[PDB]
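Colleague: Kindly generate the corresponding structure for this input.
(chains A, B, C, D, E, F, G, H, I, J and K, ligands or ions: 30)
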Amino acid sequence: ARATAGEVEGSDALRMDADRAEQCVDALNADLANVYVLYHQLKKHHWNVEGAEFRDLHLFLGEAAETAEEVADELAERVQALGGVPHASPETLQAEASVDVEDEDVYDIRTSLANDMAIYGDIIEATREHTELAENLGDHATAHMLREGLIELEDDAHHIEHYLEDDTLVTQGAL
Amino acid sequence: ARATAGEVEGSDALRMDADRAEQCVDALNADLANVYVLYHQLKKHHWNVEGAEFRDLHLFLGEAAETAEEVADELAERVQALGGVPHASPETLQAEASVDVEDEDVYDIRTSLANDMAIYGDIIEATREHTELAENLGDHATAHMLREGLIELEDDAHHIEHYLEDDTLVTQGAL
Amino acid sequence: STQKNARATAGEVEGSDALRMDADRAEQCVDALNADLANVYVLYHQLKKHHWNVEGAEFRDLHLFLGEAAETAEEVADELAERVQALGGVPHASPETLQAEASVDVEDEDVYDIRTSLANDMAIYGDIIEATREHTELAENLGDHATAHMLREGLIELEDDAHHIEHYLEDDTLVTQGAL
Amino acid sequence: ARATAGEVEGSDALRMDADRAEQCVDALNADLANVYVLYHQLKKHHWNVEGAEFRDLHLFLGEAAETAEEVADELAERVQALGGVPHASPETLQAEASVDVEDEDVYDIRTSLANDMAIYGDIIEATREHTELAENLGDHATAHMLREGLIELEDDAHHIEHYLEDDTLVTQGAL
Amino acid sequence: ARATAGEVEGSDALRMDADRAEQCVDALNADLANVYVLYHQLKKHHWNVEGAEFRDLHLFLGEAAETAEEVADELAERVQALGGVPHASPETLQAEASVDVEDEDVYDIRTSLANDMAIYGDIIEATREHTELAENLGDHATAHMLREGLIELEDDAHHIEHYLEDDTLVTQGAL
Amino acid sequence: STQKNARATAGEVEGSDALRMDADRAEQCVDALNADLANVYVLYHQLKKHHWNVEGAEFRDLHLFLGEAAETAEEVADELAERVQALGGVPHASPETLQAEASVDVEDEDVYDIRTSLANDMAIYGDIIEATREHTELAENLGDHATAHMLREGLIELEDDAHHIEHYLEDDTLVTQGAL
Amino acid sequence: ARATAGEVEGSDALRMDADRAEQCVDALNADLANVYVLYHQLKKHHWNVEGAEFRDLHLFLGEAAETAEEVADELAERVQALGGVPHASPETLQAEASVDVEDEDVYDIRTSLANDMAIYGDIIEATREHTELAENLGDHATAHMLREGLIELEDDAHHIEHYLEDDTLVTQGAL
Amino acid sequence: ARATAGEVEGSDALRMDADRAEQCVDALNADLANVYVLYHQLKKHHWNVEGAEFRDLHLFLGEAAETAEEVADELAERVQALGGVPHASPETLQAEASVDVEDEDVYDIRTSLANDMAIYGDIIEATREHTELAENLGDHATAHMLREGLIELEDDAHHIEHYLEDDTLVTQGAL
Amino acid sequence: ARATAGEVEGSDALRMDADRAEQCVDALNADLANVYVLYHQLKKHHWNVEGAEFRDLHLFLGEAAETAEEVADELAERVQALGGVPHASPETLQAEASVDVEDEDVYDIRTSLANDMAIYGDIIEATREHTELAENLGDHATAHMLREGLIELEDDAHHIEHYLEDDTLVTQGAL
Amino acid sequence: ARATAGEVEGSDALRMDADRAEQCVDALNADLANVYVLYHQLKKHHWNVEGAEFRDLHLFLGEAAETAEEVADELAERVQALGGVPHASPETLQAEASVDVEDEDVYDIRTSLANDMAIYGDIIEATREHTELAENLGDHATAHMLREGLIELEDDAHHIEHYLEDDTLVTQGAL
Amino acid sequence: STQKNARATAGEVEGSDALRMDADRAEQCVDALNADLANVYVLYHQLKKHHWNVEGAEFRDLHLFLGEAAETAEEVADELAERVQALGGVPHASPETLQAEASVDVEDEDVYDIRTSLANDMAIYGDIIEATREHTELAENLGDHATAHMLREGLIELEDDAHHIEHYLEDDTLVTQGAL
Ligand SMILES: [Fe+3]
Ligand SMILES: [Fe+3]
Ligand SMILES: [Fe+3]
Ligand SMILES: [Fe+3]
Ligand SMILES: [Fe+3]
Ligand SMILES: [Fe+3]
Ligand SMILES: [Fe+3]
Ligand SMILES: [Fe+3]
Ligand SMILES: [Fe+3]
Ligand SMILES: [Fe+3]
Ligand SMILES: [Fe+3]
Ligand SMILES: [Fe+3]
Ligand SMILES: [Fe+3]
Ligand SMILES: [Fe+3]
Ligand SMILES: [Fe+3]
Ligand SMILES: [Mg+2]
Ligand SMILES: [Mg+2]
Ligand SMILES: [Mg+2]
Ligand SMILES: [Mg+2]
Ligand SMILES: [Mg+2]
Ligand SMILES: [Mg+2]
Ligand SMILES: [Mg+2]
Ligand SMILES: [Mg+2]
Ligand SMILES: [Mg+2]
Ligand SMILES: [Mg+2]
Ligand SMILES: [Mg+2]
Ligand code: NA
Ligand code: NA
Ligand code: NA
Ligand code: NA
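Modeller: Numbers count the residues shown, from 1 in each chain, chains lettered A, B, ... in the order given. Ligands and ions are numbered 1, 2, ... in the order given. The coordinates are given below.
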C-alpha cells in the first residue's frame, strides 16, 4: 500500500506537522462521511419526490446534492493534502457517518425532508465545532474552507425548513 | 404543384426507395400530427395554468411544448427528406391526429395534465412501434431520431405523472 | 442664488437644453415620474420583504419570483429616477422621502402569510399600473415620446408581474384531499 | 400575523437557539438598515452626479449601490433564517439606521461622496464588531458572511477615499 | 437604374401606399442624414479627445457613435422598406443634413461636446415630430422604431449635458 | 395497504401509466438498471478516491481525468436511478445498499499506487460495460427503446473512460533512461 | 513497431475479443477511408465554389467538411479503441476508399455537388449495414456511434439534394 | 483650434518625429477617405440589395461594411496617434477619396457589386504600397496594422469576385 | 472543367496579375500539401498515442492537428483567391508533399513525435522562404498570413521539442 | 513625493488608525515581496519546464503564477488602502523578500519544483501568522482576504508536493 | 559537462532543431529579446505600482487603464520569455536580474503624483518602443519571421498604451474654473 487508512503524515508543503494534521484530518473525515450520506439521501429524495410541488423540489434537491458533493470533494481533498486518507467506499462512508440514514423505502416528501433537515443540523453543528478546532490549530485554510462550505449547507438547510413551514397559497376553496 | 400531399418519392441522396420510404413516411406523418396537437395543447395549458403551483407548471409546460415542437420539426423534416409531404396546416394536423384534443374551454390543472398524459402515452407507444418499423426497414437514422425524440417525450410524460401523484408538502395545518 | 450650498433643490425642475425640453413641459413629467418612483420603490421594498420571508410548500418558487419582481421594480425605479434627473428635476432619494411621497399602501412590519402578502402586493401593482397608464398619456400629450416609450416598457414588465401574482392567488391547485 | 417584528425564534434547521440567534439578529438588522440607507444614497448620487468625471462616477456608484443591495439581501436573509424579521419598509429602514442621511437637496459631488464615505466608515466599524460577535457566539456562517460583505464595502469605501484625494491629471495650463 | 433617388413606391408587403410612405420616407431620410453626420462627428471626437478625462470620453463617444450608426441603419432600412432610396454617399448625407458640422480643425473637448449636443437636440426634436407624423399616418412600426431610437439618442445627449455641467471632483488644492 | 408508512417499498415495481409500461415489463428493466446503478455508484466512489489520492509525475493530468470520469459515472447513475423511478421502481439509494447490491469489486480503504488503482478501475468499467450491453438488448427486446437508447448513451461514455485507462496503462512513455 | 497495420487485438478494457473486434474494425476502417475522402472533397468544393450562391455554399460545405472530419475522428478512435490501426496517411485513405474521387480539375458547382451526393449515398448505405453488423455483434456503442454519425451525414446529403432541386427564386425577368 | 487640419506633429510617446509621421499620415489619411466611402457604399448596397440571393448578400455586405468601418477607425486613430488630423466630415472624406462613388441612384446587384470590387482593388493596391512605405520608414506598427486591415479587405473583395463568377445552381429547368 | 489543375489566373479583385500570383501559388500549394500530410500524421498520432503521458499528448496532438488544418485551409483559400487550384485529393496532397510520411504501422511516441518534428521543421523553413517571396512580390497579405501561420506551427514544433527533451519528474525510486 | 515609502497613514474611510494599519501594512508588504518572487520563479519554471510531463506542468505553473500575481495584487492594494506604500520595483521586491530565490541557471524540473515548494511553505506559514495578526487587530477584511489567498496558495503548494511524490504510471517495461 | 548541475546556463544559447534555427542566428535574437524582456518586466512592475497607488479625480479610470496596461506588458513579457526559451536561451527570470538587465529608468520607492508617474511610464514605453522596432528589423533580417511578427504584435499593443498615456497628459480637460 502507498498509504494506510487511518495514517496521517502531515504535509511538508503545507508546513503542517502530522500532530496538528491528524486533528484536522479526524474532524474532516467525520464530516466527509456525514456529507456523503447527505449527498446520497438528497439524491434519493430528488429521484423520488412526487406531487404538487415536485418539480421545484426535484430541482432544489438536485442542487442541494451537488453542493454536498462539492463540500465532500473539498473535505476529502483537504484530508489528503494534510497527509490523511479520506474515507472512500460507500460502505465505509455510511459506517463512519454518525447521522441517521433512511432505510430503502421511499417516504412522503414531508417525512423525507424532515429526515434531511436532521442530517444538515448535525453536520452544521459539527462544522461549527471543526472550524474552531481548525482556527485553534492555526490551520486557517481549513477553517476558511469549512466556513465556505458551512454557509452553503446552512442555506440548503434553511430552504428545507422553509419548505416545511405551515403556509401555502392553497385554499380549501381551491381544493 | 411541386409535390402532392400523400405522395412519397423516396430519396436518391439517402438511397431510400419510395416503397421503403413510404412506410416510414406514413408512420412519421401520423406521429407529426399527434405531436403538433400535443404542442398546441401544452401551449394552451401553459397559457392558462393558474393557482399555487402555476409558475413552475407554466415553465414546465412551456418547455414541454418546445420539446414537442422540436420533435415535430424533426419528424416533418424527415418526412420531407424521405420524399414525402409533411402534414402542414393546423386543420390538417388535427384531422390526421389520432389523439384526443380538448375543446376550447379551460379545465382545472389536474384535468388538463391528465389529458396531456394520455396524449403522451399514445405518442410514446406509437413511437416505440415506429422505431421498430424503421429498424426493420433498415432505416437506422430514422430509428435513431425516433429514439432521441422518445426519450424526451417520456421524460415529460413522467414529469406529468409526478405532478399528479398523491403527495404534497401541504398540510391541513398550513390550510 | 450663486451662494446656495445645494447644487439643486428638491422640487425644482430646470428642464434640459440637451433634450430640448423646457421647464414647463419637464415639470409636468417630473411630477408624474417622481410619484411613480416613490410607489415603485415602496413596491420594491415590499417585494423584497416577501421574497425574504416567504415560507411553505411553494416557497422556493415564490422566493425566486419575488426576487425577480423586486429586481424589475428596482430597474423601473432606476429608469424613472434617471429620467427625472435628465428632465432637470430631483428624484426622490431617501427611504423616508420615498415612502412619504408614495400613495400606495405599505404593510406594517409584521410578516403575514403568503396569500395576504401577495394580495397586498397586487394592490400596489394595480395602483402603479393605473397611474403609469395615465402618465404615458400625459407624456405622449406633452410630446415627450421618450418618456412615454419608457413608461410603456416599464408598464409591460410590471403588468407581467402583477398578472403572475393574480395567478398565484387563483383557486386551483394540483393538491388533492387525497394527497393531504 | 405569521411573525411579529422584533420576535426571534431561532432555527431548528440551523441548530441555533433563539438566545444566540436574537444577538446576531439584532446586529444584522442594524446593519441591514444602515446598508439600505447606504444603497439609497449611493443611488441618489449615481442618479445626480454631473461634471467632468461624471460617467466614471455614475458607473462606480451604480456598482457600489449594487454591492450594498446584495449585502442588504444577504443580511436580511440571514436574519430571517435565524428566526427574526428583517426591517423591510423604507421608513422602517431609515428609522432604524444610525448613519446620517442627506436631505433631499442635491449637493456637489465632493460633498456627496464625503457623506457616503462617512456612512461606509460607520458600517465598516459596526461590521467588524459584529463579525466578532458572531464568531463568539459560534455562528461561523454569519461571521463568514459578514466578512465577505465587509471586504466589498471596504473596497468601495477605499474607492471613494481615492476619488477625494488631492491629485489630478488636470493642470492650470489645461484650464 | 433599378431605383431612382427621391422616388418612393410604398410597399405591397407592408400595405403602405406610396402617398403614405413618401411622407414617412422624407422625414426618415432627413433624419438619416443628420444621424450620419452625427455619427461622423462623434467618431471625430472619439478619435481626437485628449486630456484628463479622455479615456472615459473616448469610450463614451465610441459608443455614442455606434448607437448613432445603428439608428442610421434602422432609418435607412425603413426608408428602403417603404420603397424609398436612403441617402447613401457621404457628400449626399452631409448635403441633406440640416445640422451644423464642424470644419476639419480639432477643437477642445468642451467645444466639441457642445457642438454634438446641439446636433443631438435638433435630431431629438425632429424625431419627436416624426414619430407623431408616423402615428398619424397609421405607420405604427415606424413610430415605434423612431421612439426606440429616440430614447437612445436622448440618453447620449443627456450624458453630454452632464459632462458639461459645472461640477468636478477637482479642487484648487489638487492643482 | 392504505395505512403503510412508506409511499413505496424497496423492491416493488409499479410500472408507469404515463409511459404505458406495465409492471411486468418494467420490473425486468428495473432489475437490470438497479444492478447497474449500484455498480456505477461504486465506480463513482472509487474514481473519486483515485482522483483524491493520485500522486506522482502524472498526477495532475490523472486528477483531472478521474474527476471527469467520476462526474460521468455520477451522471450515468443519475439517469439510471431516474429511469428506475420512472418505471415505478425504487432506486437503490444509501451507500451501504449501493455497495451491497454491487457485483463489482471494491478496493479496501488503503491507498495503492496509481497503476494498481487504475487497473482496479478498469476491471469495474469492464464489468459494467458487459452488463450494460446485455441490458440494452434486454430493453430493446422488451420494446423499451428509451431505456435502450439511454443505456447506449451511457455506454459510449463509460467505454471512452475505460479506454483512456487502458491507454494510461500501456507500455509506452516519453521518458528515457537518459532523462532519469 | 508498436502495432502493425491490419492487426486487431481487441480490448481488455472494453471486453471485446479480437474476433468480434476485427469484424467492426474492418467495417469502421472502410468507412474511415470513405469519410476522409469525403472530407477532402468537401474542402475542395468549399475552397472553390463560385457564383451567385457561393457564400452560402462555402459555409454549408465548410460545415459539412467539419462534420465529416468529426465522423472520421470518431471512426478512427473507435478502430483504435478496438485494438486496430486506423488508416492514417492520405495515400492510404484514398487507396482504401471505395467511393469515387474527382480528379484535380475543378468542376462547376452542380457537378461538384452531384459528385459529393454520390459519395454520401455510398457512405450512408455502408453505415446502415455497419450499424446492423455492430448491433448483431453486440457492440452497442459502435452501433450507437455509427447512428449518430449517420444522421449528420444524411442531413448533409439531403441538403445537397435540395441545393440541386429544380426550383429557384430567380425568374427570366430578373435575368 | 487645438489642432489644424493638415498639420502633423509626430508623437513623443511613440518616438515618431514629425517628418517620419507626416509621411505615414498622408498615406493613412488617403486610405481613410477611401475606406469610408467604401463603408458608405457597402451600407448602401446592404440597404438596397433585392432578389433571389438578397438575404445572404445583405448579411455579407453588412459584415463587409462593419469590416470597413473597423479598418477606418484604426486608420484614423493611427493618424491621430502620429500627431495628425484624420479626415472627419463626410464631405471631407468623399473629397479626399480617390475612388469612384456611385451616384444616388440604385443599381442592380451585379453593377453595385462591380462598383465595390473596383473600390476594394484601389484600396488594396494603395495599402500594399503603404505597408512598404511604413516599413521603410521603420514604422512597424503601422505596417502591421495595415497588413491586418489588408487581409480582411482582400477577403471581402474576393468574396465579391466569387459572387460575380459565372456559376450558379440554377438551371433553365428550374426557371 | 471550370478550372484546370496547375493553372493560375491571378485575380482582378486583388489586383494580382497571373505572373505574380503563379509564383505565390506554387509556393502556397507546396506548403498546403506538406501541411495536410502533417495534419494527417498528427491525427494518427493523436489516435494512437498510449502510455503514461498519453492524455495530455492526445490533447496536444488534437490541437496541433486543428492548427495544421486551419493553416491548410488558409493556404488553400489563398491559392484559390489568387486564381490557382489548391491541391485537393488525399493522394494528390501526399504526392505533392516533400516531407516524409510514416508508413501505416504505429511507432512508439518518441519516434512518432520525432517524425512530426522533422515535418514541422521542413514546413517552418519553407514558410520562412515563402514569406520573403511574398513580400518581394509585394503580396503583403500573403506574407502576413504566412507569418501568422508560422508562429502557430513554430509553437507546436517547439512543444514537440520539449516533450522530447531529457528531463522528467520520474525517478528510479518512483519506478 | 505624494507619499514616502515606509510611511503608513491609515485610512479615514476604513476607520483604521495608522497604529493598527502600520502593523498590517508591515505584514502584508513582507508577504507581497515573497509572493512576487514566487510569481517570478513560477514564471521561470513555466517558461523552461521540459520533458515528458512538460505541457501539463507548463500549464499548471502558468496558473500558479497567475494565482500568485493575483494574491500580490490583493496584498498591495490592501497595503495601499491602509495608507501604506506597497513594494513596487523588482529589485525592491526581491530585496524585501525573505524566501530564497534560484540563481539564473535553469535546473531540472524536480529541483525547480522543490525550490518552489520551499517558497510556498514559507509564505504559507507567514500568511497563517498574519491572518491571526489581522484578526487580533480587528482587521477582519484583511484577515478574510489573507485566508482567501491562503487556500489558493496551499492548493498549488499541495499540487507541487503531489508532482514530486514517488509514484508514476511508468514502468521499466515501458522504458 | 555531463556532470553540470544546471540543465542550462544563463547566457547560453543553443538554438533549436525543431525550429531549424542555428545557435548563431538564435543568439542574436535572444540577445535582443532578453533585453526587451527585462525592460518590459520593469514596465509591468511600475504600471502595477501606478495602478495600486493612483488617487484623485480620475483615479478609477486610471486604475483600470493601468491595470490593463500592466496585463498587456505581462503578456508581452511572457511571449518574449517563451521565445527566448524556444530559441534555446535562458530568459532573465528573477526580479533582481530583470531590473539589472533593464536599460529603462525606474522610479524609486516613493509615490509621486499621477502626472509625474505617467510621464515616467511614458519614457519607459518610448524606450521599449524604439528598441522593439530595431529588434523587429533584426529578426526579419535574420529571416526569423516568427520573432518579427511576434515583436510587431507586441509593439502595436505597447504603442496603444503609450499613446493613451500621452493623451492622459494632454492639456485639455472638461473642468472649468467655474466648476472649481
Ligand atoms: Fe475534486
Ligand atoms: Fe469566499
Ligand atoms: Fe426545422
Ligand atoms: Fe444522442
Ligand atoms: Fe442607473
Ligand atoms: Fe435574496
Ligand atoms: Fe442593416
Ligand atoms: Fe423595446
Ligand atoms: Fe437528477
Ligand atoms: Fe480525436
Ligand atoms: Fe475607435
Ligand atoms: Fe475555409
Ligand atoms: Fe494578428
Ligand atoms: Fe489590481
Ligand atoms: Fe506563458
Ligand atoms: Mg498526498
Ligand atoms: Mg427531400
Ligand atoms: Mg442634471
Ligand atoms: Mg423563516
Ligand atoms: Mg423595399
Ligand atoms: Mg414515481
Ligand atoms: Mg490502444
Ligand atoms: Mg478566386
Ligand atoms: Mg491611498
Ligand atoms: Mg528548451
Ligand atoms: Mg493626441
Ligand atoms: Na402547492
Ligand atoms: Na477630471
Ligand atoms: Na440564385
Ligand atoms: Na510521465
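Colleague: For ligand 1, what is the nearest residue in chain A?
Modeller: As assessed by Cβ to the ion, ligand 1 sits closest to residue A:73 within chain A, at 4.1 Å. (Each C-beta comes from the backbone N, C-alpha and C, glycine too.)
Colleague: so what's that residue closest to, chain neighbours aside?
Modeller: Distances taken as Cβ to Cβ, 6 or more residues apart in numbering or on different chains put residue F:48 closest to residue A:73, at 7.4 Å, once the chain neighbours are dropped.
Colleague: Can you tell me the SS state at that neighbour?
Modeller: Following DSSP: H, G, I helix; E, B strand; the rest coil, residue F:48 is assigned to helix.
Colleague: now it: how far from chain B?
Modeller: Counting by Cβ to the nearest Cβ, to the nearest Å, the gap between residue F:48 and chain B amounts to 28 Å.
Colleague: Let me see the contact set for that residue.
Modeller: Shown in contact with residue F:48 (Cβ atoms under 8 Å, 6 or more residues apart in numbering or on different chains): A:73, A:76, A:88, F:66, F:67, F:70.
Colleague: do you know how far it is from ligand 30?
Modeller: Remark: distance between residue F:48 and ligand 30 (Cβ to the ion, to the nearest Å) = 23 Å.
Colleague: related to what we said a few turns ago, present the contacts of residue F:48 as CSV; the columns should include distance to ligand 17.
Modeller: Below are these laid out as CSV (distance: Cβ to the ion, whole Å):
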residue, distance to ligand 17
A:73, 51
A:76, 56
A:88, 56
F:66, 47
F:67, 46
F:70, 45
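Colleague: Need the max-distance pair from those residues.
Modeller: Greatest spatial distance in these: A:88 and F:67, 14.0 Å, computed using Cβ to Cβ.
Colleague: Kindly format the C-alpha coordinates of stretch A:138-152 as PDB.
Modeller: Extracted in PDB, the C-alpha atoms of stretch A:138-152 (Å, rounded to 0.1, in the frame of the first residue of the first chain):
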ATOM      1  CA  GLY A 138      -3.700  27.700  13.300                       C
ATOM      2  CA  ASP A 139      -5.000  25.900  10.200                       C
ATOM      3  CA  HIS A 140      -6.700  28.900   8.700                       C
ATOM      4  CA  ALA A 141      -7.100  27.400   5.200                       C
ATOM      5  CA  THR A 142      -9.000  24.600   6.700                       C
ATOM      6  CA  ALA A 143     -11.100  26.900   8.800                       C
ATOM      7  CA  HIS A 144     -11.900  29.200   5.900                       C
ATOM      8  CA  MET A 145     -12.900  26.300   3.700                       C
ATOM      9  CA  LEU A 146     -15.100  24.800   6.300                       C
ATOM     10  CA  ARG A 147     -16.900  28.100   6.700                       C
ATOM     11  CA  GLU A 148     -17.300  28.400   3.000                       C
ATOM     12  CA  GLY A 149     -19.000  25.000   2.900                       C
ATOM     13  CA  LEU A 150     -20.900  25.900   6.100                       C
ATOM     14  CA  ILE A 151     -22.700  28.800   4.700                       C
ATOM     15  CA  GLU A 152     -23.800  26.700   1.600                       C
END
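Colleague: is it up against ligand 1 anywhere?
Modeller: No. Counting by Cβ under 5 Å from the ion, ligand 1 has no neighbours in stretch A:138-152; the shortest distance is 12.8 Å.
Colleague: Centre of the chain to that stretch, how far?
Modeller: The chain centroid and the centroid of stretch A:138-152 are separated by 13 Å, computed with Cα atoms, centre = their mean, to the nearest Å.
Colleague: got it, and stretch A:61-71?
Modeller: Using Cα atoms, centre = their mean, the offset of stretch A:61-71 from its chain centre is 9 Å.
Colleague: swap in stretch A:37-49?
Modeller: Remark: stretch A:37-49 is offset 12 Å from the chain centroid, using Cα atoms, centre = their mean.
Colleague: How about that stretch and ligand 27, touching?
Modeller: No. With Cβ under 5 Å from the ion as the criterion, ligand 27 is not reached by stretch A:37-49; the gap is at least 12.6 Å.
Colleague: could I get that stretch in PDB with only the CA atoms?
Modeller: Output in PDB follows, covering the C-alpha atoms of stretch A:37-49 (Å, rounded to 0.1, in the frame of the first residue of the first chain):
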ATOM      1  CA  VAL A  37     -24.500  10.200   3.300                       C
ATOM      2  CA  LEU A  38     -26.300  13.500   3.000                       C
ATOM      3  CA  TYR A  39     -25.500  13.600  -0.700                       C
ATOM      4  CA  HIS A  40     -26.800  10.200  -1.200                       C
ATOM      5  CA  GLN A  41     -30.000  10.800   0.700                       C
ATOM      6  CA  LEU A  42     -30.600  14.100  -1.200                       C
ATOM      7  CA  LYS A  43     -30.200  12.200  -4.400                       C
ATOM      8  CA  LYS A  44     -32.800   9.600  -3.200                       C
ATOM      9  CA  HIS A  45     -35.300  12.400  -2.400                       C
ATOM     10  CA  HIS A  46     -34.500  14.100  -5.700                       C
ATOM     11  CA  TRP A  47     -35.100  10.900  -7.600                       C
ATOM     12  CA  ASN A  48     -38.300  10.100  -5.800                       C
ATOM     13  CA  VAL A  49     -40.100  13.300  -4.900                       C
END
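Colleague: from chain A, which residue is nearest to ligand 6?
Modeller: Proximity to ligand 6, evaluated over chain A using Cβ to the ion, is greatest for residue A:155 at 10.8 Å.
Colleague: Would you mind measuring from that residue to ligand 9?
Modeller: Residue A:155 sits 20 Å away from ligand 9, going by Cβ to the ion.
Colleague: do the same with residue A:62
Modeller: Here the criterion is Cβ to the ion. By it, residue A:62 lies 5 Å from ligand 9.
Colleague: Also residue A:32?
Modeller: Counting by Cβ to the ion - residue A:32 and ligand 9 are separated by 22 Å.
Colleague: centroid residue for chain A?
Modeller: In chain A, the residue lying closest to the centroid (Cα atoms, centre = their mean) is residue A:35, at 2.4 Å.
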